[PDB]
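Below is data.txt, holding compact mmCIF, C-alpha atoms and all ligand atoms.
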# COMPACT_ATOMS: atom_id res chain seq x y z
CA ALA A 11 8.25 -146.74 29.53
CA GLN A 12 6.58 -148.28 26.47
CA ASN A 13 8.69 -150.23 23.90
CA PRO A 14 11.96 -150.06 25.85
CA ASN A 15 13.84 -152.33 23.46
CA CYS A 16 12.94 -149.86 20.62
CA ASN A 17 11.41 -152.50 18.37
CA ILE A 18 9.73 -151.56 15.11
CA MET A 19 5.99 -151.73 15.75
CA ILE A 20 3.33 -152.66 13.20
CA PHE A 21 -0.15 -151.17 13.39
CA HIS A 22 -3.44 -152.29 11.94
CA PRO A 23 -5.87 -149.37 12.33
CA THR A 24 -9.56 -149.96 11.75
CA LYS A 25 -11.40 -147.78 9.23
CA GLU A 26 -12.66 -145.65 12.11
CA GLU A 27 -9.19 -145.21 13.52
CA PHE A 28 -7.91 -144.21 10.01
CA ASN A 29 -9.98 -141.02 9.92
CA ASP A 30 -7.94 -138.76 12.09
CA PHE A 31 -4.26 -138.84 11.08
CA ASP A 32 -2.81 -136.76 13.92
CA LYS A 33 -4.72 -138.73 16.51
CA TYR A 34 -3.40 -142.03 15.19
CA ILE A 35 0.22 -140.78 15.16
CA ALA A 36 -0.25 -139.72 18.81
CA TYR A 37 -1.72 -143.18 19.54
CA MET A 38 1.25 -144.95 18.06
CA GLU A 39 3.54 -142.79 20.16
CA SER A 40 1.54 -143.63 23.30
CA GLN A 41 2.47 -147.24 22.59
CA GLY A 42 6.18 -146.35 22.17
CA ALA A 43 6.38 -146.62 18.42
CA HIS A 44 8.67 -143.66 18.08
CA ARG A 45 11.38 -145.24 20.14
CA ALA A 46 12.25 -147.47 17.17
CA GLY A 47 12.56 -144.55 14.75
CA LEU A 48 10.23 -146.29 12.27
CA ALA A 49 6.74 -147.86 12.33
CA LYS A 50 4.68 -149.77 9.78
CA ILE A 51 0.96 -148.97 9.28
CA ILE A 52 -1.15 -151.51 7.43
CA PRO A 53 -4.33 -149.70 6.12
CA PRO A 54 -7.75 -151.18 6.89
CA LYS A 55 -8.95 -153.57 4.22
CA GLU A 56 -11.70 -151.15 3.15
CA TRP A 57 -9.15 -148.47 2.11
CA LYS A 58 -7.57 -147.77 -1.23
CA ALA A 59 -5.05 -145.11 -2.38
CA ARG A 60 -6.43 -144.98 -5.84
CA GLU A 61 -8.57 -147.11 -8.16
CA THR A 62 -5.85 -148.29 -10.47
CA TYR A 63 -2.30 -147.52 -11.55
CA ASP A 64 -3.11 -148.36 -15.10
CA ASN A 65 -2.08 -145.04 -16.38
CA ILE A 66 1.36 -144.17 -14.66
CA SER A 67 3.77 -144.74 -17.50
CA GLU A 68 3.28 -141.18 -18.66
CA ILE A 69 4.84 -139.61 -15.65
CA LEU A 70 8.23 -138.03 -16.52
CA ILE A 71 11.38 -138.67 -14.61
CA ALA A 72 13.18 -135.49 -15.62
CA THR A 73 16.51 -136.34 -13.96
CA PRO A 74 16.99 -140.06 -13.32
CA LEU A 75 19.99 -140.65 -11.01
CA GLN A 76 22.59 -143.41 -11.58
CA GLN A 77 23.83 -144.39 -8.12
CA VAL A 78 27.55 -145.06 -8.41
CA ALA A 79 29.26 -146.59 -5.35
CA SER A 80 32.78 -146.32 -3.99
CA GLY A 81 34.29 -148.20 -1.01
CA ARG A 82 33.83 -151.74 0.21
CA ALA A 83 30.72 -153.88 0.24
CA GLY A 84 29.68 -152.94 3.78
CA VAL A 85 30.98 -149.35 3.91
CA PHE A 86 30.58 -147.20 0.84
CA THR A 87 29.41 -143.93 -0.48
CA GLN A 88 27.27 -143.30 -3.53
CA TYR A 89 27.16 -140.40 -5.92
CA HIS A 90 24.33 -139.53 -8.20
CA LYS A 91 25.17 -139.22 -11.91
CA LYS A 92 22.39 -137.41 -13.80
CA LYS A 93 20.95 -139.26 -16.78
CA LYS A 94 18.72 -138.10 -19.59
CA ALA A 95 14.97 -137.86 -18.95
CA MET A 96 12.76 -140.85 -19.31
CA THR A 97 9.10 -141.69 -18.78
CA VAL A 98 7.99 -144.12 -16.08
CA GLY A 99 7.21 -146.54 -18.90
CA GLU A 100 10.74 -146.33 -20.13
CA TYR A 101 12.13 -146.63 -16.63
CA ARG A 102 9.98 -149.69 -15.77
CA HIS A 103 11.21 -151.42 -18.91
CA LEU A 104 14.81 -150.58 -17.98
CA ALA A 105 14.24 -151.92 -14.41
CA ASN A 106 12.94 -155.20 -15.85
CA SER A 107 15.81 -155.59 -18.32
CA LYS A 108 18.40 -158.29 -17.85
CA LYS A 109 21.05 -155.70 -16.80
CA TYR A 110 18.92 -154.26 -13.96
CA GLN A 111 16.29 -156.86 -12.93
CA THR A 112 16.08 -158.54 -9.54
CA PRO A 113 18.10 -161.81 -9.53
CA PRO A 114 16.56 -165.15 -8.67
CA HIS A 115 16.34 -165.53 -4.92
CA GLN A 116 14.72 -167.81 -2.31
CA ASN A 117 13.21 -165.21 0.00
CA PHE A 118 13.72 -161.61 1.33
CA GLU A 119 16.65 -162.78 3.49
CA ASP A 120 18.51 -164.26 0.54
CA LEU A 121 17.86 -161.11 -1.44
CA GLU A 122 19.16 -158.96 1.43
CA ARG A 123 22.33 -161.06 1.46
CA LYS A 124 22.77 -160.56 -2.30
CA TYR A 125 22.20 -156.81 -1.88
CA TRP A 126 24.95 -156.37 0.70
CA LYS A 127 27.28 -158.65 -1.12
CA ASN A 128 26.94 -157.19 -4.59
CA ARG A 129 25.45 -153.65 -4.45
CA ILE A 130 28.71 -151.85 -4.99
CA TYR A 131 29.38 -153.66 -8.29
CA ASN A 132 26.35 -152.20 -10.01
CA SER A 133 24.99 -148.69 -10.64
CA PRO A 134 21.16 -148.81 -10.51
CA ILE A 135 19.10 -145.84 -11.73
CA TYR A 136 16.67 -144.09 -9.22
CA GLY A 137 13.82 -141.71 -10.10
CA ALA A 138 13.83 -139.72 -6.91
CA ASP A 139 12.35 -136.67 -5.44
CA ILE A 140 9.73 -136.09 -8.18
CA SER A 141 7.14 -133.51 -6.97
CA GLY A 142 3.69 -134.98 -7.29
CA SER A 143 1.10 -137.42 -5.89
CA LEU A 144 -0.60 -140.63 -6.95
CA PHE A 145 -3.42 -140.47 -4.31
CA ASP A 146 -6.88 -140.06 -5.77
CA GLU A 147 -8.33 -136.71 -4.76
CA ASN A 148 -11.34 -138.67 -3.44
CA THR A 149 -9.20 -140.65 -0.99
CA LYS A 150 -9.86 -138.82 2.23
CA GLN A 151 -7.91 -140.91 4.76
CA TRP A 152 -4.05 -140.86 4.87
CA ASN A 153 -3.85 -138.97 1.57
CA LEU A 154 -0.28 -137.68 1.63
CA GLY A 155 -1.16 -134.67 -0.43
CA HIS A 156 -3.89 -133.52 2.02
CA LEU A 157 -1.95 -133.49 5.27
CA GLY A 158 -1.76 -130.44 7.54
CA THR A 159 1.41 -128.54 6.59
CA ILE A 160 4.52 -128.16 8.71
CA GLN A 161 4.03 -124.40 8.43
CA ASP A 162 0.64 -124.63 9.89
CA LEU A 163 1.95 -126.81 12.74
CA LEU A 164 4.66 -124.28 13.56
CA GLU A 165 2.09 -121.50 13.39
CA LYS A 166 -0.35 -123.31 15.67
CA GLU A 167 2.31 -124.25 18.25
CA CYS A 168 4.50 -121.18 18.23
CA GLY A 169 2.30 -118.39 16.82
CA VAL A 170 4.59 -117.38 14.03
CA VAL A 171 3.62 -116.95 10.46
CA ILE A 172 6.03 -118.10 7.78
CA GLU A 173 6.33 -118.66 4.04
CA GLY A 174 6.76 -122.07 2.57
CA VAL A 175 4.90 -125.01 1.32
CA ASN A 176 5.01 -128.79 1.95
CA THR A 177 4.20 -131.16 -0.98
CA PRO A 178 4.75 -134.88 -1.60
CA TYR A 179 7.40 -136.56 -3.69
CA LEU A 180 7.36 -139.69 -5.86
CA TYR A 181 10.19 -142.23 -5.97
CA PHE A 182 10.53 -144.76 -8.72
CA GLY A 183 12.97 -147.56 -7.74
CA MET A 184 14.54 -150.64 -9.19
CA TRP A 185 16.69 -153.47 -7.81
CA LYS A 186 19.54 -152.17 -5.67
CA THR A 187 18.42 -148.52 -5.72
CA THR A 188 19.51 -147.22 -2.40
CA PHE A 189 18.64 -144.57 0.19
CA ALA A 190 21.63 -143.61 2.32
CA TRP A 191 21.73 -143.19 6.10
CA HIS A 192 19.90 -139.98 7.04
CA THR A 193 17.37 -138.26 9.23
CA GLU A 194 14.86 -135.89 7.70
CA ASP A 195 15.42 -132.20 7.07
CA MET A 196 15.14 -130.45 10.41
CA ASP A 197 14.68 -133.93 11.99
CA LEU A 198 11.04 -133.96 10.80
CA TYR A 199 8.87 -137.02 10.54
CA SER A 200 8.37 -138.69 7.19
CA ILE A 201 5.58 -140.85 5.91
CA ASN A 202 6.06 -143.14 2.94
CA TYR A 203 3.45 -145.11 1.03
CA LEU A 204 4.54 -147.91 -1.30
CA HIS A 205 2.02 -147.51 -4.17
CA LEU A 206 3.00 -150.43 -6.28
CA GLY A 207 5.65 -152.93 -7.22
CA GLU A 208 8.36 -154.73 -5.40
CA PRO A 209 9.30 -154.24 -1.73
CA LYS A 210 11.55 -151.76 0.06
CA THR A 211 13.81 -152.90 2.91
CA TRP A 212 14.44 -150.40 5.70
CA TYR A 213 17.11 -150.16 8.39
CA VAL A 214 16.68 -147.78 11.35
CA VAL A 215 18.54 -146.60 14.44
CA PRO A 216 16.46 -145.62 17.52
CA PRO A 217 16.45 -141.82 17.97
CA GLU A 218 17.84 -142.20 21.46
CA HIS A 219 20.93 -143.81 19.91
CA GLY A 220 21.40 -141.67 16.83
CA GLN A 221 24.62 -140.13 18.04
CA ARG A 222 26.13 -143.67 18.18
CA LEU A 223 25.58 -143.95 14.48
CA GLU A 224 27.06 -140.50 13.86
CA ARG A 225 30.20 -141.41 15.84
CA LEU A 226 30.68 -144.54 13.76
CA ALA A 227 30.09 -142.66 10.58
CA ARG A 228 32.82 -140.18 11.53
CA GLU A 229 35.18 -143.13 12.08
CA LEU A 230 34.25 -144.87 8.82
CA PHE A 231 34.27 -141.78 6.61
CA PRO A 232 37.07 -139.75 8.14
CA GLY A 233 37.71 -137.31 5.20
CA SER A 234 33.96 -136.60 4.94
CA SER A 235 33.83 -135.93 8.68
CA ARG A 236 36.62 -133.36 8.41
CA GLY A 237 34.82 -131.60 5.54
CA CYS A 238 31.54 -131.25 7.43
CA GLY A 239 30.30 -131.64 10.98
CA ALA A 240 26.95 -133.01 9.74
CA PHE A 241 27.92 -134.92 6.65
CA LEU A 242 25.15 -137.50 6.93
CA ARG A 243 22.97 -134.58 5.73
CA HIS A 244 24.63 -135.18 2.36
CA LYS A 245 22.72 -138.46 2.10
CA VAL A 246 25.60 -140.43 0.51
CA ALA A 247 26.90 -142.88 3.13
CA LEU A 248 26.01 -146.56 3.52
CA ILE A 249 26.92 -148.89 6.35
CA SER A 250 25.72 -152.51 6.29
CA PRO A 251 23.93 -154.36 9.04
CA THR A 252 26.97 -156.59 9.49
CA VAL A 253 29.16 -153.54 10.08
CA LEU A 254 26.63 -151.98 12.42
CA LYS A 255 26.49 -155.24 14.47
CA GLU A 256 30.33 -155.44 14.57
CA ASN A 257 30.40 -151.92 16.03
CA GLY A 258 27.58 -152.41 18.48
CA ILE A 259 25.19 -149.92 16.91
CA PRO A 260 21.57 -150.62 17.87
CA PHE A 261 19.28 -150.99 14.85
CA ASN A 262 16.31 -152.78 13.38
CA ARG A 263 15.18 -153.85 9.96
CA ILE A 264 11.84 -154.35 8.26
CA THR A 265 10.51 -154.86 4.69
CA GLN A 266 7.71 -152.68 3.42
CA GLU A 267 5.35 -154.16 0.78
CA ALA A 268 3.04 -152.48 -1.66
CA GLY A 269 0.00 -151.06 0.07
CA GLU A 270 1.79 -150.31 3.31
CA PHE A 271 2.80 -147.07 5.02
CA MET A 272 5.98 -146.41 6.92
CA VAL A 273 6.46 -143.53 9.37
CA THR A 274 9.90 -142.32 10.33
CA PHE A 275 10.09 -140.40 13.60
CA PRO A 276 12.18 -137.36 14.42
CA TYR A 277 15.90 -138.09 14.52
CA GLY A 278 15.33 -141.75 13.44
CA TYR A 279 18.27 -142.50 11.12
CA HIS A 280 17.21 -144.75 8.26
CA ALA A 281 18.64 -146.34 5.10
CA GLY A 282 17.49 -149.02 2.75
CA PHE A 283 17.02 -150.43 -0.73
CA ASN A 284 14.46 -151.47 -3.28
CA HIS A 285 13.86 -155.04 -4.34
CA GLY A 286 12.78 -154.30 -7.94
CA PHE A 287 10.64 -151.85 -9.87
CA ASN A 288 8.38 -149.88 -7.52
CA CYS A 289 6.79 -146.50 -6.84
CA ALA A 290 6.58 -144.81 -3.48
CA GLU A 291 5.25 -141.46 -2.32
CA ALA A 292 6.57 -139.64 0.72
CA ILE A 293 6.27 -136.34 2.55
CA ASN A 294 7.61 -134.72 5.66
CA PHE A 295 5.28 -133.75 8.50
CA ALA A 296 5.42 -132.31 12.01
CA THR A 297 3.61 -132.75 15.31
CA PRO A 298 3.96 -130.80 18.53
CA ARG A 299 6.51 -133.30 19.78
CA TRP A 300 8.76 -132.52 16.81
CA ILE A 301 9.37 -128.90 17.75
CA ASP A 302 12.11 -129.73 20.29
CA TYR A 303 13.88 -131.93 17.70
CA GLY A 304 13.66 -129.15 15.16
CA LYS A 305 15.32 -126.79 17.55
CA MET A 306 18.21 -129.24 18.13
CA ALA A 307 18.67 -130.55 14.56
CA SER A 308 22.17 -130.52 13.23
CA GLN A 309 22.84 -128.71 10.11
CA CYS A 310 25.16 -128.97 7.15
CA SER A 311 26.66 -125.52 6.36
CA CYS A 312 29.44 -126.82 3.93
CA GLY A 313 27.24 -126.35 0.89
CA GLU A 314 26.71 -129.95 -0.01
CA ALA A 315 23.30 -130.59 1.54
CA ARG A 316 21.32 -127.94 -0.46
CA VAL A 317 17.58 -128.18 0.36
CA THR A 318 14.19 -126.73 -0.35
CA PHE A 319 13.02 -123.21 -0.07
CA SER A 320 10.78 -124.06 2.89
CA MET A 321 13.61 -125.06 5.21
CA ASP A 322 14.75 -121.42 5.41
CA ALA A 323 11.96 -120.39 7.68
CA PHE A 324 12.41 -123.41 9.90
CA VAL A 325 16.10 -122.56 10.53
CA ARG A 326 15.36 -118.83 10.81
CA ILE A 327 12.70 -119.32 13.47
CA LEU A 328 13.89 -122.37 15.36
CA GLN A 329 17.68 -121.91 15.04
CA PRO A 330 18.36 -118.16 14.73
CA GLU A 331 21.96 -118.49 15.97
CA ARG A 332 22.71 -120.97 13.19
CA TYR A 333 20.80 -119.15 10.48
CA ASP A 334 23.55 -116.94 9.05
CA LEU A 335 26.07 -119.79 8.66
CA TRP A 336 23.53 -122.27 7.32
CA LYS A 337 22.23 -119.72 4.75
CA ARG A 338 25.81 -119.12 3.49
CA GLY A 339 25.86 -122.92 2.78
CA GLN A 340 22.62 -122.53 0.83
CA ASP A 341 24.02 -119.49 -1.12
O1 LIG A 401 11.92 -144.19 -0.40
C1 LIG A 401 13.08 -143.73 -0.44
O2 LIG A 401 13.96 -143.82 -1.35
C2 LIG A 401 13.55 -142.84 0.67
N1 LIG A 401 12.48 -142.44 1.60
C3 LIG A 401 12.74 -141.89 2.81
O3 LIG A 401 13.89 -141.66 3.25
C4 LIG A 401 11.55 -141.50 3.65
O4 LIG A 401 10.43 -141.80 3.19
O5 LIG A 401 11.87 -140.85 4.63
MG MG A 402 0.63 -141.53 -17.00
NI NI A 403 13.84 -140.39 4.80
ZN ZN A 404 28.01 -130.60 4.68
Structure rendered as structure tokens:
Amino acid sequence: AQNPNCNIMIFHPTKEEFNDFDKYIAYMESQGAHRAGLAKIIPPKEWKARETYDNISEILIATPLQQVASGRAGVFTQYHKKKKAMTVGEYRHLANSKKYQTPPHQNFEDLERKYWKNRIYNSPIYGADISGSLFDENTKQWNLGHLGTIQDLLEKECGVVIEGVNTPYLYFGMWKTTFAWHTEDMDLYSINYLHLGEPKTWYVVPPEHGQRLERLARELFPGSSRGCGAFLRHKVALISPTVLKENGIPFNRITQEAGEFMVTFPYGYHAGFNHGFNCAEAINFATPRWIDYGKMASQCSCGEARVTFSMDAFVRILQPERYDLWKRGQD
């Protein structure tokens, strides 16, 4: 069995190997990458996402989210307070302001310490889930807006024909902006490219141990657990590495830098935070190996998780028994 300790693997594809996306995902899996839940892909030196970023301040963040925490430093939830629209230029200036900027620090480890110590005492503002792409249309390799769609994968594998589309999203982060512990919708893969700016630290639980994390989460958030049998779908709960280690939950950590891709694998729980102003792009995708995870994915039916249009068909086809209840939670 490859990668039995479920370590995060880092890949350095050549330009030739970067041509065929699906093939390279399958390659990484042949080496056991998926067992970690997360992999890093460093593009060949000859590749570029786009020529420059010199013109990104005009993008609009229609609904910036202030991430307000409740709990204790290592175990907290966050809610998103909607703020008034702002441009990327406005947001970048805010990120760099004394109130929100990254503190002095020695190295990534010191900064991680400061994050876990102090996150809860601040409410950073996140520009998340903005439909769009910053890849140049002429970038042919690993262009997140030119991937094969999840609908087409399900059609190819299963023969059914469904509505729905699959487009990328932009994320504009600042110091302490936080992504809570989650898997993807329908336990899909995700791919994330850090276009520019400061790093993003990731934590991940191996898919084969995801239920260990869920059990701890039920213990740590007992009211939330009573409200919903899949409340990590709400994407609001944080648990620190110290707490995970105290409770024997297997995990790994890695820091993604600008110019790097990360892939999350089906049912790989992940969480993390941004080091300072940055911009990432991400999208869900599927492979044949996903289909079995899609069929088994938990679902939130309490109404909190509310998701895209395109998830309807996935539930309807892969989880017909669950469809009626889940759709009530959508409606
Ligand atoms: O970048 C972020 O804030 C969150 N991204 C993801 O959870 C992902 O790419 O799957
Ligand atoms: Mg612009
Ligand atoms: Ni994710
Ligand atoms: Zn729920």
I'd like the neighbourhood of stretch 229-234 of chain A as a list in words, where a residue qualifies if any of its atoms comes within 9 Å (using only C-alpha atoms), though same-chain residues fewer than 3 positions away should be ignored.
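So the residues in contact are residues 85, 86, 87, 224, 225, 226, 237, 238, 239, 241, 247 and 249 of chain A.
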Each residue of stretch 160-208 of chain A with at least one atom at most 9 Å from stretch 102-108 of chain A should appear once, together with its nearest atom pair and the corresponding distance in Å (one decimal); atoms considered: only C-alpha atoms; ordering: chain, then increasing residue number; output as CSV.
residue,atom,partner,partner_atom,distance
A:182,CA,A:102,CA,8.6
A:183,CA,A:105,CA,8.1
A:184,CA,A:105,CA,5.4
A:185,CA,A:105,CA,7.2
All residues within 10 Å of ligand MG 402 (chain A) are required, counting all atoms listed in the file; please report them as a count of residues only.
11
Env. residues ligand ZN 404 (chain A) / 6 Å / all atoms listed in the file / as JSON, numbers by chain
{"A": [238, 240, 241, 310, 311, 312, 313, 314, 315]}
With C-alpha atoms retained, could you export that selection as a tab-separated table (two decimals), keeping the file's coordinate frame?
chain	number	residue	atom	x	y	z
A	238	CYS	CA	31.54	-131.25	7.43
A	240	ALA	CA	26.95	-133.01	9.74
A	241	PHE	CA	27.92	-134.92	6.65
A	310	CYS	CA	25.16	-128.97	7.15
A	311	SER	CA	26.66	-125.52	6.36
A	312	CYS	CA	29.44	-126.82	3.93
A	313	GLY	CA	27.24	-126.35	0.89
A	314	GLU	CA	26.71	-129.95	-0.01
A	315	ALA	CA	23.30	-130.59	1.54
How many Å lie between atom CA of residue A:327 and atom CA of residue A:299, rounded to one decimal?
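Straight-line distance from atom CA of residue A:327 to atom CA of residue A:299 works out to 16.5 Å.
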Counting all atoms listed in the file, which residues of chain A fall within 8 Å of ligand LIG 401 (chain A), and what is the closest atom pair for each with its distance in Å at one decimal, ordered by chain and rising number, as a Markdown table?
| residue | atom | partner | partner_atom | distance |
| --- | --- | --- | --- | --- |
| A:138 | CA | A:LIG401 | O2 | 6.9 |
| A:181 | CA | A:LIG401 | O1 | 6.2 |
| A:183 | CA | A:LIG401 | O2 | 7.5 |
| A:187 | CA | A:LIG401 | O2 | 7.8 |
| A:188 | CA | A:LIG401 | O2 | 6.6 |
| A:189 | CA | A:LIG401 | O2 | 5.0 |
| A:192 | CA | A:LIG401 | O3 | 7.3 |
| A:193 | CA | A:LIG401 | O5 | 7.6 |
| A:194 | CA | A:LIG401 | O5 | 6.6 |
| A:199 | CA | A:LIG401 | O5 | 7.7 |
| A:200 | CA | A:LIG401 | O5 | 4.8 |
| A:201 | CA | A:LIG401 | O4 | 5.6 |
| A:202 | CA | A:LIG401 | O4 | 4.6 |
| A:210 | CA | A:LIG401 | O1 | 7.6 |
| A:272 | CA | A:LIG401 | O4 | 7.4 |
| A:273 | CA | A:LIG401 | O4 | 7.5 |
| A:274 | CA | A:LIG401 | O5 | 6.2 |
| A:280 | CA | A:LIG401 | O3 | 6.8 |
| A:281 | CA | A:LIG401 | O3 | 6.9 |
| A:282 | CA | A:LIG401 | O2 | 7.5 |
| A:283 | CA | A:LIG401 | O2 | 7.3 |
| A:284 | CA | A:LIG401 | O2 | 7.9 |
| A:290 | CA | A:LIG401 | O1 | 6.2 |
| A:291 | CA | A:LIG401 | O1 | 7.5 |
| A:292 | CA | A:LIG401 | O4 | 5.1 |
| A:293 | CA | A:LIG401 | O4 | 6.9 |
| A:294 | CA | A:LIG401 | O5 | 7.5 |
Write out as number ranges by chain which residues come within 9 Å of stretch 42-48 of chain A when counting all atoms listed in the file, dropping same-chain ones fewer than 6 positions away.
A: 11-20, 212-218, 261-262, 272-280
With distances taken over all atoms listed in the file, which of A:179, A:57, A:300, A:209 is nearest to ligand NI 403 (chain A)?
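Smallest distance to ligand NI 403 (chain A) is found for A:179.
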